[PDB]
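Same protein, same chain, two forms; see structure 1 and structure 2 below, as structure tokens.
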Structure 1
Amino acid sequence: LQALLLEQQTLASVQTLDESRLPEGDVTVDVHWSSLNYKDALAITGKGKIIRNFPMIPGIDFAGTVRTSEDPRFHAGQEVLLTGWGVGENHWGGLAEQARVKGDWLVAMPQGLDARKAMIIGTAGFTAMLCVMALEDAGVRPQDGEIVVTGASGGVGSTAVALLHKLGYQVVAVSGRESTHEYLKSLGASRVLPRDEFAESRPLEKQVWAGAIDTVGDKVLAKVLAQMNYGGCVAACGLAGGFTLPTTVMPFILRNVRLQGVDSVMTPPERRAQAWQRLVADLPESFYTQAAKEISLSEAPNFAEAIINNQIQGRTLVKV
């Protein structure tokens, strides 16, 4: 099998690997499509620290066809996808012709999706949906008020804007780059605020948001919390602005606000399948037709460098 292998000598190169070297697992998948998520781009370039164990095949997402299975519920030829579970990080992942994983980690290809579309959605889309579902579990409906999405030009934020807009919510996108203002309104944002206004905050500010999907954390998350309506919910899933959360208890104890953390890496199979079904029903068709860059494994190093310095618009997909 061909695979982009990361070694610490980080040298990223395409290599031929014996089937016996694949990690332990009861399902082997013939990968047809993977991706270069931001996590994968850091991994490949040697920046960040998402990878402790080498050698490593990156790709936190993949989709393709089941080759072999000892897991009763998966059969040869069945299309499946996978995101998360440490795959591409501490377990050989998607940037390879084959991946061996636990069956509990896979998702049966939902009706209405295929391998390519599933990788277009990705971890980013999966996470966005889980955030939207969190808002719904908290009772946040379209009639309750405006929903703010932070880091709205990134994968997660962008998809959250379209999901929310499709579902009837009035969305306010928060973006740091003035160059995305127009694109975000195309997706469904009624207004766009700069990230610079979401910095220092008092413990409580004027109540403006019914709900929020935050991808940035740090001070932006702190500001949004102090701006939450009574009984509002923030779904938090990222740390692009910093991993700390310098907030107070006041939104919580005086405004009954819920901070619901949303992990995508280890989400249980039931919740996970539920989210993929929801993505099929709620993602508009215009979301799938977006231009994606398809690359071979051998181009992943150069394209990884481009994604890091920010030279790419939209999805980089890997056709394997």
Structure 2
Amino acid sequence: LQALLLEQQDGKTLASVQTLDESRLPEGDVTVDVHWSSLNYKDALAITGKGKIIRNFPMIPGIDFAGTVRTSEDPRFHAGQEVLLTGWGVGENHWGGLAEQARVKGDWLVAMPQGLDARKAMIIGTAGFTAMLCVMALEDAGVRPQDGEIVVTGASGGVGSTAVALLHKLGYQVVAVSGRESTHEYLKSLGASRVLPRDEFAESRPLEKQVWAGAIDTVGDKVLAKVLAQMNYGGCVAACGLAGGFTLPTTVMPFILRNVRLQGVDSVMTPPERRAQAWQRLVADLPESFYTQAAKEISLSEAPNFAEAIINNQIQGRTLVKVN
């Protein structure tokens, strides 16, 4: 059993791949032979030791996995069945998916959606799952294509890439915000009508000119504050991230004078029914071209190279991890 393992000394996190035994895995009524995982921003924070994502060491990181069920004391799952997992504290406070085996509670698993397989499921991963929940939040708020432009921040990343592709597919005019010139052609190829620079979202009045029918935000901080000030009357912002900072120095003005909805989107504890709905929607609404335009396959032990890259804003798209 090969596993990426986090250890802690003198404050710092060390990441290495070690050969563990089956016996070291935590209790959990379903054992899964993991074939694929991925790197999300939260995984990168954990692996580099930034932000105190993980409080208990040693720890196998990886909030995502997909593979084949080895055994099951949960009668909903059987040996041979393709399953996936995102969230539920896995990869944070419970040994995760960046390993050839994981053991988890059956409630945390999702039976493989029809039209999907383990590889494609992990290209999507937590970031794509989260993008879908964000699109669904915009739809719950009555934001339709004809209402105006949708803005996506941190657009070149995982959630952002998925969001641009989903929205373009669903008929929306999408505007991407990126802090790098090198992402422009990639973002246009995903379906973005144009790409605005991040340095134009550094400061804002409480109320800016109305330009967005809706928004999907992955950066928080001053970018989210400006986006809120730019929302159309009745518009909605689906906020899922903190890539630019966890604080939100905003005002009540967009809320109380423009009836703006700021919908928070969490992926960790998404209830079973909405979880299943999001996956079903991804199979239908994410075009097959995405799985080759946005994905980069890496091996397990080179994950820390790419975790550093994520933190350092040197990553584009989705990092798929082949575990075997």
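Throughout, rigid core stands for the largest set of C-alpha atoms superposing within 1.5 Å between the two forms. Residue numbering: structure 1 sequence, from 1.
Comparing the forms between structures 1 and 2, the C-alpha position of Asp40 differs by 2 angstroms or more, with the core used for superposition. A movement of the C-alpha atom of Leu259 falling short of 2 angstroms is seen between structures 1 and 2 when the two forms are aligned on their rigid core. After superposing the rigid core, the C-alpha of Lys293 moves by 2 Å or more between structures 1 and 2. Core superposition places the Cα of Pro72 1.9 Å apart between structures 1 and 2. For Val107, the Cα deviation between structures 1 and 2 after core superposition amounts to 0.5 Å. When the core is overlaid, the C-alpha of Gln311 ends up 5.7 Å from its other position between structures 1 and 2.
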